[PDB]
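Starting off, we have a lone chain in the form deposited in one PDB entry, written out as structure tokens.
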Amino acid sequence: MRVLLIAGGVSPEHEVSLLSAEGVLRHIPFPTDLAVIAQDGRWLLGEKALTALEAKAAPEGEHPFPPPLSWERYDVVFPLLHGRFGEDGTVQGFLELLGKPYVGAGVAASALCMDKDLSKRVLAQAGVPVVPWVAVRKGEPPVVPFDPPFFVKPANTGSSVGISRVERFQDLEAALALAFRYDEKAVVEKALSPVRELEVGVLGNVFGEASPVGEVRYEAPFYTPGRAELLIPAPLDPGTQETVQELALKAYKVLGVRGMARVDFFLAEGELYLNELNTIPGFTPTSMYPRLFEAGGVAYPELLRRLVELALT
């Protein structure tokens, strides 16, 4: 049982990706090899991979995609990439073509969960509450059936790259234009406030289990934003906490997710809304997902072992 980890990626979460590879590599209960995708798309195998894993960022790589890697040597591949070319289904399909079992969501589920429009349409349809939104295709005349303020962000592009809060219905044109830079389609969502953020993790294939529920609170700026808190158990009557968990498990089911998902929720005026499912969350031993499950009773090592095994069932 040998495992292959692919960290890095061409997305803005590159550094965090390598940072996660560090945690996994250290506490993973399996002989594990590393492979790195440099910011320039080139791959780094062998020791160059780890040398980069030690530098906290891999500006450039050696092998053009597809890399001359020895997929033969591995039973399971653990992708740790974010956003575009990470959890959008592209890498997953590559793996399907190579016939390699892999950790996490498959093609379809990664692509749906990555697109802010289609995933909302599926969840809405399935009874999961989502924020009132609208999709705006490039060249299509905007039509917001609700008043500002609101959020505009490209349909499917990880990290807040291209997002913006819009106050005046007039400035909506600037928002779209910006977002259009990273995607042909964009979403306009009714901005909530007051608003609390709740996080919950899921483990398992299709019918997974939910970890306890946690709340993300931000501390004052000090200009740098303040340290985000990870309150858990989150301060919600047992009622809403359960509701949040069953809602996540339900969304996890209809979308056919596999392995894991960091499900984010918005709590505004007593109402819940599922913001998004992250098929590949941050994996440092001190990241939101592993910390959530540790609280649920699953050690970092055990969590990784269960994930890798799941890639085979």
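So that the term is clear: the rigid core is the largest set of C-alpha atoms that superpose within 1.5 Å between two forms. Quick note: we count residues from 1 along the sequence shown, nothing fancier.
This protein has a second form, the form deposited in another entry, left out of what is shown; the following refers to that one.
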- Message: Listing 203, 76, 136, 112 as candidates, which single one shows a C-alpha movement of 2 Å or greater between the shown form and the other one when the core is held fixed?
- Response: 136
- Core-aligned C-alpha movement of residue 242 between the shown form and the other one, 2 Å or more: no
- Item | Cα displacement of residue 175 between the shown form and the other one reaching 2 Å, rigid core superposed | yes
- Message: Superposed on the rigid core, does the Cα of residue 154 end up 2 angstroms or more away between the shown form and the other one?
- Response: yes
